[PDB]
Amino acid sequence: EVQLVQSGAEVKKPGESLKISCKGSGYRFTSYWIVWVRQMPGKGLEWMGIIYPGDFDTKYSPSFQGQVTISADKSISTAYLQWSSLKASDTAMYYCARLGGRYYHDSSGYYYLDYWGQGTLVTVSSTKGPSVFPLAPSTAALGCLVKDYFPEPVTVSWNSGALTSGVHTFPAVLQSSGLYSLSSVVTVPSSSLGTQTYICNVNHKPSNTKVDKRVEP
Amino acid sequence: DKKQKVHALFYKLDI
Amino acid sequence: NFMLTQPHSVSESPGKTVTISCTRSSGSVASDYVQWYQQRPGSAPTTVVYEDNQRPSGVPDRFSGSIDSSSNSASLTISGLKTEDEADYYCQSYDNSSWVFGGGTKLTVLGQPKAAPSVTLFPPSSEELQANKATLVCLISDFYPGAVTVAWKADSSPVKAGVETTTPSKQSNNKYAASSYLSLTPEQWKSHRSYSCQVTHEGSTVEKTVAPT
Ligand SMILES: *[C@@H]1O[C@H](CO[C@@H]2O[C@@H](C)[C@@H](O)[C@@H](O)[C@@H]2O)[C@@H](O)[C@H](O)[C@H]1NC(C)=O
C-alpha cells in the first residue's frame with residue numbers, strides 16, 4: 001500500500017530553522033517526483049517546488065526560490081522541506097504529494113499527483129491584552145469591540161453569563177499587524193434599553209486581562 | 001505538444 | 001506568466017449537476033495541461049482530473065474535466081451531486097516549469113434553503129475616537145451558502161486600505177458568519193458624510209451605512 005506520511009505539527013518562533021519530512025512507503029521512493037504545496041490558513045493551494053529523489057533534480061516556484069530548500073534522503077525514503085530563518089508568514093499547512101503515472105517518453109506517458117501526505121501544520125508566532133470598546137445601540141443590537149490582542153483566545157460573556165440568548169460572538173480577524181480583534185453583539189428588546197443594564201465581560205488570560213464594559217445608548 | 005511539455009518537465013528514467 | 005481565475009463559490013442541490021470554470025488570464029488555455037483537485041474541509045487534496053480530461057482510477061465518473069478554447073477556460077463538471085462532494089475545488093496548470101493554481105471554488109451541496117446575510121454596522125465609539133483611533137465594524141451572520149464578498153464605501157467611493165475581513169465560519173445552525181473591519185483616522189471618519197458596508201451574497205447585495213452624528 002502506497003503511503004506518504006508527514007511529520008507532526010510544529011510550533012516555532014520567527015528566526016528559527018525548521019525541517020519537516022515526508023516519508024514514502026509501499027513503493028520505490030527514488031522513481032517518483034515529490035511535490036510540496038503550501039496552504040496558508042483560510043487560503044488556497046500554492047506550489048512550492050518539486051524534487052526527483054533519483055538524481056536530486058529540484059525545481060522551485062519563483063516565489064519560493066531562495067526562501068526555502070527542498071531535499072531528499074534516499075536511504076530512508078524521505079523528502080524534506082526546510083527553512084533557514086522562519087518568518088511569521090510561514091504559518092501554513094504544508095503537504096507533500098507523489099507524482100505518479102506512467103513514466104514513458106512516448107504519448108502513453110502521463111503524470112499526476114496520485115498520493116498525498118496528511119499535511120504538516122507549521123505555526124510560527126509576546127502577549128498583549130485588548131482594548132475594549134462599547135458598540136452602542138442606535139429590536140436593538142449592541143456590542144463590544146475587542147481590539148488588538150494577542151494571542152488567542154479571548155472569551156466574551158454578557159452580564160456575567162446571564163445573557164446568552166441573541167448573543168453572537170464572532171471569530172477574530174488576524175490583522176496584517178499580527179494582532180487579533182473580534183466583536184460580540186447581542187440583540188435585545190429595544191424596549192428594554194432604558195430598563196436593563198448590558199455589560200460585556202472580556203477575558204484574555206494570556207495577558208491576565210479582565211475588562212467589564214458597560215454598553216449603553 | 002502539451003505532452004512534450006510534461007515530458008520535458010517530468011520524464012525520468014531511474015537507474 | 002498568467003493566473004487562473006475561478007468563481008469564488010458554486011452550489012446546487014443533491015442529484016443536480018454543477019460546473020466550475022477556470023479561466024486563464026493570458027496565453028491559451030490549450031497550451032498547457034489542466035488538473036483539478038478536490039479538497040474536503042480539513043483534509044488533504046485529491047486529484048480528480050489530470051491532463052484536461054483524464055479521470056484517475058478511483059475517482060467517480062461523476063467528475064469530468066474539459067477545455068473550452070473559445071472562453072479560454074477549463075471546466076470541472078460534477079454530475080449527480082452527492083453531499084460528500086461538498087469541498088473546495090482547485091484548477092492547476094503550468095507556466096514554464098512552475099505550477100499555477102487557481103484561487104479555488106467552494107462547492108456547497110445545498111442542505112437547507114439559501115439564506116441572505118443579516119448585517120449590522122457599528123460606527124466608531126466615542127471612547128475609541130478619544131483614543132485617537134476609529135474602527136467601523138460590519139457584522140455578517142446567518143448566510144447560506146457560506147460565501148460573501150464585502151466592499152466598503154467612503155460616501156460612494158471604494159475604500160481599499162484599512163479593510164480586514166474574516167473568512168466565513170460555520171454557525172451552530174449550519175449557516176455562516178463573517179465580519180469586516182475598516183480602520184480610519186478620526187479625521188477621515190468626520191471628513192465624509194457616511195461609510196457603507198456592502199455585503200454581496202448569491203448575486204444579491206446587503207448594504208449598511210453609518211454617519212458621524
Ligand atoms: C522559463 O524558465 C526557465 C528556467 O527557469 C527557472 O526555473 C524555474 C523552475 C524557476 O525556478 C525560475 O525562477 C528559474 O528562473 C528558463 O530556462 C526558460 O528559458 C524559461 N522559458 C521561457 C519561455 O521564458
# chains A, B, ... in the order shown; residues from 1 in each chain; ligands from 1

call {"tool": "residues_around", "arguments": {"residues": "range 7-14 of chain B", "least_positions_apart": "2", "cutoff": "10 Å", "atoms": "only C-alpha atoms", "output": "PyMOL selection string"}}
result
(chain A and resi 28+30-33+50+52-55+57+59+99+102-107+109-111) or (chain B and resi 1-5) or (chain C and resi 94+96-98)

call {"tool": "residues_around", "arguments": {"residues": "residue 180 in chain A", "least_positions_apart": "2", "cutoff": "9 Å", "atoms": "only C-alpha atoms", "output": "CSV table (one decimal) with N, CA and C atoms, in the first residue's frame"}}
result
chain,number,residue,atom,x,y,z
A,130,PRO,N,-6.3,43.2,25.1
A,130,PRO,CA,-7.0,44.0,24.2
A,130,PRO,C,-7.5,45.3,24.8
A,146,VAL,N,-13.4,44.1,20.7
A,146,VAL,CA,-12.3,43.7,21.4
A,146,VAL,C,-11.1,43.9,20.5
A,147,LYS,N,-10.3,44.9,20.8
A,147,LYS,CA,-9.4,45.4,19.8
A,147,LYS,C,-7.9,45.1,20.1
A,148,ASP,N,-7.2,44.6,19.1
A,148,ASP,CA,-5.7,44.5,19.1
A,148,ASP,C,-5.1,43.6,20.3
A,149,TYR,N,-5.5,42.3,20.3
A,149,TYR,CA,-4.9,41.5,21.3
A,149,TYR,C,-4.1,40.4,20.7
A,150,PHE,N,-3.4,39.6,21.5
A,150,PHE,CA,-2.5,38.5,21.1
A,150,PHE,C,-2.0,37.8,22.3
A,151,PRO,N,-2.0,36.4,22.3
A,151,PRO,CA,-2.6,35.6,21.2
A,151,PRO,C,-4.0,35.2,21.5
A,152,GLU,N,-4.5,34.2,20.8
A,152,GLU,CA,-5.8,33.6,21.1
A,152,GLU,C,-5.7,32.8,22.4
A,172,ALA,N,-12.2,36.0,15.5
A,172,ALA,CA,-11.3,37.1,15.3
A,172,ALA,C,-10.7,37.3,13.9
A,173,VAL,N,-10.6,38.5,13.5
A,173,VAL,CA,-9.7,38.9,12.4
A,173,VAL,C,-8.2,38.8,12.9
A,174,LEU,N,-7.4,38.2,12.0
A,174,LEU,CA,-6.0,38.3,12.3
A,174,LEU,C,-5.4,39.4,11.4
A,175,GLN,N,-5.0,40.5,12.0
A,175,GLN,CA,-4.7,41.7,11.2
A,175,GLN,C,-3.2,41.6,10.7
A,177,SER,N,-1.0,43.5,11.0
A,177,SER,CA,-0.1,43.9,12.1
A,177,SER,C,0.3,42.7,13.0
A,178,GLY,N,-0.4,41.6,12.8
A,178,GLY,CA,-0.2,40.4,13.5
A,178,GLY,C,-1.1,40.3,14.8
A,182,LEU,N,-11.8,41.0,17.7
A,182,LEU,CA,-13.1,40.4,17.5
A,182,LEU,C,-14.2,41.3,18.0

call {"tool": "residues_near_ligand", "arguments": {"ligand": "ligand 1", "cutoff": "9 Å", "atoms": "only C-alpha atoms and all ligand atoms", "output": "ChimeraX atom specification"}}
result
/A:49,58-65 /C:1,95-99

call {"tool": "residues_around", "arguments": {"residues": "residue 203 in chain C", "least_positions_apart": "2", "cutoff": "12 Å", "atoms": "only C-alpha atoms", "output": "NGL selection string"}}
result
:C and (8-10 or 114 or 116 or 145 or 147-149 or 199-201 or 205-206)

call {"tool": "interface_residues", "arguments": {"of": "chain C", "to": "chain A", "cutoff": "9 Å", "atoms": "only C-alpha atoms", "output": "PyMOL selection string"}}
result
chain C and resi 35+43-47+49-51+56+90+97-104+120+122-128+137+139+141+164-167+169+177-181

call {"tool": "write_last_selection", "arguments": {"atoms": "N, CA, C and O atoms", "output": "compact mmCIF listing (two decimals), in the first residue's frame"}}
result
# COMPACT_ATOMS: atom_id res chain seq x y z
N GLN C 35 -5.13 20.37 -14.51
CA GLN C 35 -5.50 19.39 -13.50
C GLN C 35 -6.57 20.00 -12.59
O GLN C 35 -6.67 21.23 -12.49
N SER C 43 -8.96 18.34 5.18
CA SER C 43 -8.28 17.17 4.61
C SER C 43 -7.28 17.56 3.53
O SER C 43 -7.31 18.67 3.03
N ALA C 44 -6.41 16.62 3.18
CA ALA C 44 -5.52 16.81 2.04
C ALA C 44 -6.32 16.82 0.75
O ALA C 44 -7.39 16.20 0.67
N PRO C 45 -5.83 17.55 -0.27
CA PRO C 45 -6.47 17.49 -1.59
C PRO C 45 -6.30 16.08 -2.22
O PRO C 45 -5.44 15.30 -1.78
N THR C 46 -7.15 15.78 -3.19
CA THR C 46 -7.03 14.60 -4.05
C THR C 46 -7.21 15.06 -5.49
O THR C 46 -7.95 16.00 -5.77
N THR C 47 -6.54 14.40 -6.42
CA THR C 47 -6.65 14.78 -7.81
C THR C 47 -7.88 14.14 -8.41
O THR C 47 -8.07 12.92 -8.28
N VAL C 49 -9.03 15.29 -11.80
CA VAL C 49 -8.84 15.32 -13.26
C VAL C 49 -7.37 15.61 -13.51
O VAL C 49 -6.77 16.41 -12.81
N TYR C 50 -6.77 14.96 -14.50
CA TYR C 50 -5.45 15.42 -14.94
C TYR C 50 -5.42 15.45 -16.46
O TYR C 50 -6.30 14.90 -17.11
N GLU C 51 -4.41 16.12 -17.01
CA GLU C 51 -4.31 16.31 -18.45
C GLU C 51 -5.64 16.67 -19.14
O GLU C 51 -6.02 16.04 -20.14
N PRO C 56 -8.60 9.94 -12.93
CA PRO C 56 -7.78 8.98 -12.17
C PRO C 56 -8.57 7.77 -11.73
O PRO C 56 -9.79 7.83 -11.54
N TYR C 90 -9.82 23.13 -6.88
CA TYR C 90 -8.77 23.95 -7.46
C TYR C 90 -8.38 23.45 -8.83
O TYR C 90 -8.15 22.26 -9.01
N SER C 97 7.50 25.46 -16.46
CA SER C 97 8.05 24.66 -15.37
C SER C 97 7.40 24.90 -13.99
O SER C 97 7.39 24.01 -13.15
N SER C 98 6.85 26.10 -13.76
CA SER C 98 6.18 26.37 -12.48
C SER C 98 4.70 25.99 -12.51
O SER C 98 4.01 26.22 -13.50
N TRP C 99 4.20 25.43 -11.41
CA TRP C 99 2.80 25.07 -11.31
C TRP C 99 1.99 26.28 -10.83
O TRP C 99 2.37 26.93 -9.87
N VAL C 100 0.85 26.53 -11.48
CA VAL C 100 -0.01 27.66 -11.16
C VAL C 100 -1.36 27.11 -10.75
O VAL C 100 -1.96 26.34 -11.49
N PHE C 101 -1.84 27.51 -9.56
CA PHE C 101 -3.14 27.07 -9.07
C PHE C 101 -4.16 28.18 -9.23
O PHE C 101 -3.84 29.34 -9.03
N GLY C 102 -5.40 27.82 -9.54
CA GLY C 102 -6.49 28.76 -9.47
C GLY C 102 -6.76 29.07 -8.00
O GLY C 102 -6.22 28.41 -7.12
N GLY C 103 -7.58 30.08 -7.74
CA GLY C 103 -7.82 30.54 -6.37
C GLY C 103 -8.72 29.64 -5.53
O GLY C 103 -8.88 29.86 -4.31
N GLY C 104 -9.32 28.65 -6.17
CA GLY C 104 -10.25 27.74 -5.50
C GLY C 104 -11.70 28.16 -5.62
O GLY C 104 -12.01 29.38 -5.65
N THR C 120 -25.12 43.96 10.50
CA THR C 120 -25.17 45.09 11.43
C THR C 120 -23.87 45.88 11.33
O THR C 120 -22.79 45.32 11.44
N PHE C 122 -21.63 49.05 12.93
CA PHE C 122 -21.43 49.99 14.04
C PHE C 122 -20.39 51.04 13.69
O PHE C 122 -19.33 50.72 13.16
N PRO C 123 -20.67 52.30 14.06
CA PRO C 123 -19.71 53.40 13.86
C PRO C 123 -18.63 53.29 14.93
O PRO C 123 -18.80 52.50 15.86
N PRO C 124 -17.54 54.07 14.82
CA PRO C 124 -16.56 54.03 15.90
C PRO C 124 -17.15 54.61 17.19
O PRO C 124 -17.99 55.51 17.15
N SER C 125 -16.73 54.08 18.33
CA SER C 125 -17.26 54.52 19.62
C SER C 125 -16.64 55.86 20.00
O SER C 125 -15.57 56.21 19.49
N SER C 126 -17.31 56.59 20.90
CA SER C 126 -16.76 57.82 21.46
C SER C 126 -15.41 57.52 22.08
O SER C 126 -14.45 58.28 21.92
N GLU C 127 -15.37 56.40 22.79
CA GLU C 127 -14.20 56.01 23.56
C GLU C 127 -13.00 55.81 22.66
O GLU C 127 -11.91 56.30 22.95
N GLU C 128 -13.20 55.08 21.56
CA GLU C 128 -12.14 54.87 20.59
C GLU C 128 -11.68 56.20 19.97
O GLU C 128 -10.48 56.47 19.88
N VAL C 137 -17.29 48.59 12.27
CA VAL C 137 -17.46 47.16 12.48
C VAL C 137 -18.68 46.64 11.74
O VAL C 137 -19.81 47.02 12.04
N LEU C 139 -20.79 43.38 10.98
CA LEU C 139 -21.03 42.01 11.40
C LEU C 139 -22.06 41.33 10.50
O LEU C 139 -23.11 41.89 10.20
N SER C 141 -24.09 37.63 9.46
CA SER C 141 -24.48 36.36 10.07
C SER C 141 -25.67 35.72 9.38
O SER C 141 -26.38 36.37 8.62
N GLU C 164 -10.04 44.87 6.69
CA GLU C 164 -9.70 43.50 7.03
C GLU C 164 -10.95 42.66 7.32
O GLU C 164 -11.80 43.02 8.13
N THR C 165 -11.05 41.53 6.63
CA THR C 165 -12.28 40.75 6.58
C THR C 165 -11.97 39.29 6.91
O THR C 165 -10.98 38.74 6.41
N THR C 166 -12.80 38.66 7.75
CA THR C 166 -12.59 37.28 8.15
C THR C 166 -13.06 36.35 7.04
O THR C 166 -13.80 36.75 6.15
N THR C 167 -12.61 35.11 7.09
CA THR C 167 -13.20 34.09 6.24
C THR C 167 -14.51 33.72 6.90
O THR C 167 -14.68 33.93 8.11
N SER C 169 -17.25 31.53 8.74
CA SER C 169 -17.19 30.39 9.66
C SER C 169 -18.59 29.85 9.90
O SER C 169 -19.56 30.59 9.93
N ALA C 177 -21.14 32.93 9.37
CA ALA C 177 -20.91 34.28 9.86
C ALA C 177 -19.54 34.79 9.40
O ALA C 177 -18.61 34.01 9.23
N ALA C 178 -19.44 36.10 9.20
CA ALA C 178 -18.17 36.75 8.91
C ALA C 178 -18.22 38.15 9.50
O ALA C 178 -19.27 38.60 9.94
N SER C 179 -17.07 38.83 9.50
CA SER C 179 -17.02 40.21 9.95
C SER C 179 -15.98 40.96 9.16
O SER C 179 -14.99 40.39 8.69
N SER C 180 -16.21 42.26 8.98
CA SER C 180 -15.27 43.09 8.26
C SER C 180 -15.03 44.36 9.06
O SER C 180 -15.95 44.90 9.68
N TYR C 181 -13.78 44.80 9.09
CA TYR C 181 -13.39 45.96 9.88
C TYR C 181 -12.71 46.98 8.99
O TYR C 181 -11.85 46.63 8.20

call {"tool": "atom_distance", "arguments": {"atom1": "CA of residue 21 in chain C", "atom2": "CA of residue 53 in chain C"}}
result
13.8 Å

call {"tool": "residues_around", "arguments": {"residues": "residue 14 in chain C", "least_positions_apart": "6", "cutoff": "10 Å", "atoms": "only C-alpha atoms", "output": "PyMOL selection string"}}
result
chain C and resi 79-85+108-111

call {"tool": "interface_residues", "arguments": {"of": "chain C", "to": "chain B", "cutoff": "8 Å", "atoms": "only C-alpha atoms", "output": "list in words"}}
result
residues 31, 32, 33 and 97 of chain C

call {"tool": "atom_distance", "arguments": {"atom1": "CA of residue 27 in chain A", "atom2": "CA of residue 98 in chain A"}}
result
10.6 Å

call {"tool": "select_by_dssp", "arguments": {"residues": "range 31-151 of chain C", "states": "alpha helix (DSSP H)", "output": "PyMOL selection string"}}
result
chain C and resi 126-130

call {"tool": "residues_around", "arguments": {"residues": "residue 163 in chain C", "least_positions_apart": "4", "cutoff": "9 Å", "atoms": "only C-alpha atoms", "output": "PDB file with C-alpha atoms, in the first residue's frame"}}
result
ATOM      1  CA  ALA C 151     -16.857  46.106  -0.153  1.00  0.00           C
ATOM      2  CA  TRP C 152     -16.547  49.372   1.752  1.00  0.00           C
ATOM      3  CA  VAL C 159     -12.106  52.190   0.179  1.00  0.00           C
ATOM      4  CA  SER C 180     -15.267  43.091   8.264  1.00  0.00           C
ATOM      5  CA  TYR C 181     -13.389  45.964   9.877  1.00  0.00           C
ATOM      6  CA  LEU C 182     -12.485  49.337   8.410  1.00  0.00           C
ATOM      7  CA  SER C 183      -9.674  51.233  10.110  1.00  0.00           C
TER       8      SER C 183
END

call {"tool": "select_by_dssp", "arguments": {"residues": "range 12-192 of chain A", "states": "strand (DSSP E)", "output": "mmCIF file with C-alpha atoms, in the first residue's frame"}}
result
data_model
loop_
_atom_site.group_PDB
_atom_site.id
_atom_site.type_symbol
_atom_site.label_atom_id
_atom_site.label_comp_id
_atom_site.auth_asym_id
_atom_site.auth_seq_id
_atom_site.Cartn_x
_atom_site.Cartn_y
_atom_site.Cartn_z
ATOM 1 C CA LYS A 12 8.172 27.741 16.290
ATOM 2 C CA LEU A 18 12.946 24.035 10.694
ATOM 3 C CA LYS A 19 12.960 20.845 8.653
ATOM 4 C CA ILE A 20 9.746 18.896 8.158
ATOM 5 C CA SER A 21 9.553 15.500 6.461
ATOM 6 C CA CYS A 22 7.514 13.373 4.085
ATOM 7 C CA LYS A 23 8.303 9.648 4.223
ATOM 8 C CA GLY A 24 7.239 7.382 1.390
ATOM 9 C CA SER A 25 6.487 3.681 1.751
ATOM 10 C CA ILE A 34 7.671 14.637 -4.779
ATOM 11 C CA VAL A 35 5.795 17.979 -4.825
ATOM 12 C CA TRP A 36 5.436 20.341 -1.863
ATOM 13 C CA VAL A 37 2.396 22.558 -1.577
ATOM 14 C CA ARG A 38 1.677 25.301 0.955
ATOM 15 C CA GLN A 39 -1.693 26.405 2.214
ATOM 16 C CA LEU A 45 -3.013 25.995 -2.576
ATOM 17 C CA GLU A 46 0.447 27.294 -3.550
ATOM 18 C CA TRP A 47 3.063 25.209 -5.374
ATOM 19 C CA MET A 48 6.422 25.392 -3.630
ATOM 20 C CA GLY A 49 8.600 23.093 -5.649
ATOM 21 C CA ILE A 50 9.374 19.562 -6.689
ATOM 22 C CA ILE A 51 12.212 17.072 -6.343
ATOM 23 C CA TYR A 52 13.116 13.874 -8.153
ATOM 24 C CA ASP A 57 16.732 17.274 -9.685
ATOM 25 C CA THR A 58 14.893 20.140 -7.957
ATOM 26 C CA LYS A 59 12.662 22.970 -9.182
ATOM 27 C CA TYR A 60 11.237 25.822 -7.105
ATOM 28 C CA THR A 69 15.180 24.359 0.487
ATOM 29 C CA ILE A 70 13.799 21.080 -0.820
ATOM 30 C CA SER A 71 15.802 17.918 -0.297
ATOM 31 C CA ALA A 72 15.680 14.156 -0.089
ATOM 32 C CA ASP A 73 17.387 11.259 1.660
ATOM 33 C CA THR A 78 12.187 10.710 2.899
ATOM 34 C CA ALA A 79 11.672 14.106 1.276
ATOM 35 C CA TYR A 80 12.263 17.290 3.270
ATOM 36 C CA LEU A 81 11.255 20.914 3.212
ATOM 37 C CA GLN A 82 13.420 23.277 5.220
ATOM 38 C CA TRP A 83 13.840 26.939 6.169
ATOM 39 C CA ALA A 92 0.653 27.335 6.934
ATOM 40 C CA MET A 93 -0.269 23.746 6.254
ATOM 41 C CA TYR A 94 2.335 22.009 4.099
ATOM 42 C CA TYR A 95 1.514 18.951 2.003
ATOM 43 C CA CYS A 96 3.731 16.624 0.045
ATOM 44 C CA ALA A 97 2.405 14.530 -2.813
ATOM 45 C CA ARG A 98 3.788 11.870 -5.152
ATOM 46 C CA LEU A 99 3.738 12.438 -8.890
ATOM 47 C CA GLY A 100 2.557 9.051 -10.116
ATOM 48 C CA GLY A 101 1.564 7.961 -13.593
ATOM 49 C CA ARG A 102 3.356 6.273 -16.465
ATOM 50 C CA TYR A 110 1.387 10.819 -18.108
ATOM 51 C CA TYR A 111 1.948 12.352 -14.694
ATOM 52 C CA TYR A 112 -0.350 13.305 -11.845
ATOM 53 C CA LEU A 113 -0.407 13.587 -8.094
ATOM 54 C CA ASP A 114 -1.829 10.252 -7.049
ATOM 55 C CA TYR A 115 -0.976 10.092 -3.338
ATOM 56 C CA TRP A 116 -0.889 12.865 -0.763
ATOM 57 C CA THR A 120 2.035 19.264 8.486
ATOM 58 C CA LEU A 121 0.862 22.408 10.212
ATOM 59 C CA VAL A 122 3.613 24.904 10.951
ATOM 60 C CA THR A 123 2.712 27.747 13.319
ATOM 61 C CA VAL A 124 5.314 30.486 13.664
ATOM 62 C CA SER A 131 -8.701 47.434 24.326
ATOM 63 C CA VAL A 132 -12.442 47.023 24.758
ATOM 64 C CA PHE A 133 -14.908 49.499 23.266
ATOM 65 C CA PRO A 134 -18.694 49.608 23.657
ATOM 66 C CA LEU A 135 -20.705 49.363 20.455
ATOM 67 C CA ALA A 140 -31.907 46.678 19.134
ATOM 68 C CA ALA A 141 -28.350 45.455 18.585
ATOM 69 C CA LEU A 142 -25.457 46.395 20.869
ATOM 70 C CA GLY A 143 -21.977 45.043 21.242
ATOM 71 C CA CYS A 144 -18.360 45.102 22.278
ATOM 72 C CA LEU A 145 -15.287 45.547 20.088
ATOM 73 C CA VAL A 146 -12.253 43.666 21.420
ATOM 74 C CA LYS A 147 -9.353 45.423 19.761
ATOM 75 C CA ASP A 148 -5.720 44.459 19.123
ATOM 76 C CA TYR A 149 -4.917 41.451 21.322
ATOM 77 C CA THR A 155 -13.740 34.932 25.893
ATOM 78 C CA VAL A 156 -16.744 37.237 25.893
ATOM 79 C CA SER A 157 -19.796 36.873 28.075
ATOM 80 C CA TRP A 158 -22.664 39.280 28.658
ATOM 81 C CA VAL A 167 -25.588 36.720 21.509
ATOM 82 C CA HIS A 168 -23.304 36.373 18.511
ATOM 83 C CA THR A 169 -19.590 36.391 19.278
ATOM 84 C CA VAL A 173 -9.688 38.855 12.405
ATOM 85 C CA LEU A 174 -5.951 38.308 12.273
ATOM 86 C CA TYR A 180 -6.254 39.903 16.653
ATOM 87 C CA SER A 181 -9.569 41.682 17.045
ATOM 88 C CA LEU A 182 -13.099 40.394 17.482
ATOM 89 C CA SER A 183 -16.587 41.654 18.210
ATOM 90 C CA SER A 184 -19.588 40.345 20.117
ATOM 91 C CA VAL A 185 -23.116 41.580 19.528
ATOM 92 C CA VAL A 186 -26.351 40.869 21.326
ATOM 93 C CA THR A 187 -29.826 41.646 20.056
ATOM 94 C CA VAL A 188 -32.137 42.717 22.877
#

call {"tool": "atom_distance", "arguments": {"atom1": "CA of residue 75 in chain C", "atom2": "CA of residue 52 in chain C"}}
result
8.7 Å
